[PDB]
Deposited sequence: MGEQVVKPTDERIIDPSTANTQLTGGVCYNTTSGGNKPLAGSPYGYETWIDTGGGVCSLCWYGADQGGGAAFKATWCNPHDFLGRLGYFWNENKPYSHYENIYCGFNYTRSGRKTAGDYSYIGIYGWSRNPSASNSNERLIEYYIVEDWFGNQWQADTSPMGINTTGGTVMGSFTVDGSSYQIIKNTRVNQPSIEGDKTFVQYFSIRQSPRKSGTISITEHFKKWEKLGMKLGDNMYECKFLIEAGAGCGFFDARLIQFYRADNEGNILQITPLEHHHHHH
């Protein structure tokens, strides 16, 4: 019994399908979070100079819910483009209350993003007091959609053969079941250098290109399964990741907002006939 917000500044994602223009584009690796002018958000790009042309283009503070962007890649070697909240102020997820993201995008078709790919919500968290040192750094994904590959349709949810790890459980939210997976990344690149850390995934069983993500509901369910996030959330951004391929992602809407359990808006973007 968390009340879903009904505030009229919330844009209905189902009909938010007007092509945006006037993007500001970034074609190289950003080197972490970069803040956006007149916006609460920041972007990050990871673009391999050894691959082909990639970009992320932000649609600005006054349209598309304020976090909308278009991304492109061609022969990338794991392109990541992402935009949303950057935190990293020593607070657990629960400090940020009930986080929601409304979205609506187009993208290139099946098998245009390599053998693995991810679309949805992404970030990191820190939990230094965790007794298992593997669990002191967390990378997370809520996966609404992907590009499939030669072997599996983009209409079929990815599994542990793509993510690695172990199915911990599942639940239903925002109109679909989600499979919850935990994976350990052993001596791999992170935001703290090469080390061992864990990854939490929620995989939407019915992939989709528009709707609302009740982000905090994922965080709550992960923690019930022993998948703890700790006390210093790094960020919470909308992501497209392409392992390879040549394609695009083009959002007409990405709108983050936060509300308390009564459903009152604490933060929303944007902001007479």
Open item on the list: If I number the deposited sequence starting at 1, which residue ranges have no C-alpha coordinates at all?
Closed with: 1-3, 275-279
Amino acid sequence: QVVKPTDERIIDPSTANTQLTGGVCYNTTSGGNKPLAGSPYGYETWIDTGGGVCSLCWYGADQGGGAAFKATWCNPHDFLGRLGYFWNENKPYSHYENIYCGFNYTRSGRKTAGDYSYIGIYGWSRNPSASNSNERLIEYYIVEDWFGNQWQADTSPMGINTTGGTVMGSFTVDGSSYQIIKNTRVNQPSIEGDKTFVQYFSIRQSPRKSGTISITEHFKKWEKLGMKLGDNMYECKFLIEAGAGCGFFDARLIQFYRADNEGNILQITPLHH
From here on, numbers count along this sequence of modelled residues.
- [ ] Select between 152-160 and 197-205 the stretch whose C-alpha atoms have the higher average B-factor in the entry.
- [x] 152-160
TODO: Would you determine, from the values in the PDB entry, which of 79-87 and 127-135 has the greater average C-alpha temperature factor?
DONE: 127-135
Task: Per the PDB entry, maximal CA B factor within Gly50, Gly211, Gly230, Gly64 - done: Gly50
Open item on the list: Between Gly114, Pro189, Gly102, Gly175, which one tops the list for Cα B-factor in this entry?
Closed with: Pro189
TODO: Consider only the C-alpha atoms of the modelled residues in this chain, order them by B-factor as the entry records it, and name the third containing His95: lowest, middle or highest.
DONE: highest
- [ ] Taking the values exactly as deposited, rank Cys246 by C-alpha B-factor within its chain and report the matching third: lowest, middle or highest.
- [x] middle
- [ ] Relative to the other modelled residues of the same chain, rank the CA B-factor of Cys54 and answer lowest, middle or highest third.
- [x] middle
Open item on the list: Sorting by Cα B-factor within the chain, modelled residues only, which third would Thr21 end up in: lowest, middle or highest?
Closed with: highest
Task: Ranked against its chain, the third holding the CA B-factor of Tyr41 - done: middle
